[PDB]
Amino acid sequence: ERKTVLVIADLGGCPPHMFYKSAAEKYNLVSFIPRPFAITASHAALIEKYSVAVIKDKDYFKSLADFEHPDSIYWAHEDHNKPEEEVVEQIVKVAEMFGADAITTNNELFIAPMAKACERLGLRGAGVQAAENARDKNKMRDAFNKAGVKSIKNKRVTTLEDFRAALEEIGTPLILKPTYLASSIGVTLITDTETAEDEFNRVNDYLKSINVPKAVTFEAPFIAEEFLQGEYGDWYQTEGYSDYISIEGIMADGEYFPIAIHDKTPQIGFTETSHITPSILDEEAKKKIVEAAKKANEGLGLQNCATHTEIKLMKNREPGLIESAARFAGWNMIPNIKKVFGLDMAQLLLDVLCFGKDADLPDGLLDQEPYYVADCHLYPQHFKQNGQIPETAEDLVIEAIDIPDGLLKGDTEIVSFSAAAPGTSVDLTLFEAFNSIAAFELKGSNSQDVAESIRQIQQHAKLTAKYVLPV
């Protein structure tokens, strides 16, 4: 007989078009929406369809205009001002209110509060400290160093003085990033000491302007850290991928169960472009990645959750840990694992949260892909790179994006292609990762052909649009 799962419904992780239908199959869902403005019209519709109960924070609603849902949201550009403890209390109350058996979220930002609520209720969860470890990058990097994985120098940074010391201890090149966000927001590579101060002041000012719930707490706002150098040629046998991978897994009563590795196409700066399900890497490479992710996620002390772990492919086949999340990967990675292997990770997670290791957990990475699926985005920068939009262009207005015939290698096909709606206005001022202007899916028998098709589409896609220039 059916169990009840509290989902903290917000942006990120497993996309609504899969999560709610997958969850509802065997579970009664209660949906808590702490941030009603973060819910798209289509997300809203899926929430009500598949939920036995829906609870929104009523304090957001002040007039009729508050009840409108946007068509598209990438990052929620509005304030949520409740302290962590108050958010925790809200989760526990909604859970008691409805007799919840489990709590899950797809949202990075509410991971730590969710953990506190779970343990306060005797339910399965990330573990209080482990979730903070998977959310505060200073704490994260520390746990990584103490675990058996590749260690790097790192330091907490709050003030300019902290940054200058960090630049003295650790050298050029160094990674400076906010400790508590996602989506590569604020993540900066400093390569020369002569303009390093200016860059820190720039990113410090920039950070103050990012909308984030007050419930996200942190030891220090920045981490300064060694840059993890990749060696493509030590890992991949063909071109088309990149220096890094993610690996998706599940933690179950403290044990790491790897599911799938994703290959990647080169990012734009630190903005991601494509994910390929599954990885083409050999069995020896995969084993190294799995070992790193096992040590890292167990090193965090994570108890019960989905896992999204990013790894830099370094010299001598050494896995370098970028970051790990106690939640599902974003974009279509989780649905694409289901298309390729037939495994529904959303159902698997809830099964683990309700039954522990009694769930149908795979031992080792899924294998015997019948083919490869690519999740790909296009950005204004692609159209600057290919000469269609000049560098100083302003306020792009997109009519259409079309893919010319003849760009696909081998048997690769376009399964779906979706451009921004005719007439949408894109602010070229925004951080690139916020500005996807098309999404497409590729399928093929041959990974290299898939990746090469991606590069071709990125190069040759035709934009129909208008932009502004100053005289």
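Residue numbers run from 1 along the displayed sequence.
Higher mean CA temperature factor between 210-218 and 243-251: 210-218, per the PDB entry. Here 288-296 and 325-333 are compared by their mean Cα B-factor, and 288-296 comes out higher. Per the deposited record, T195 carries the highest C-alpha B-factor of all listed residues (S279, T195, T265, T307).
Between the residues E399, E108, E161, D367, the entry's highest C-alpha temperature factor is the one at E161. Annotation for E441: CA B-factor lies in the lowest third of the chain's modelled residues. When the modelled residues of the chain are ordered by C-alpha B-factor, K384 sits in the middle third. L349: CA B factor lies in the middle third for its chain, per the PDB record. Among the modelled residues of the chain, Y27 sits in the middle third by CA temperature factor in this PDB entry. Compared with the other modelled residues of the chain, the Cα B-factor recorded for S51 ranks in the middle third.
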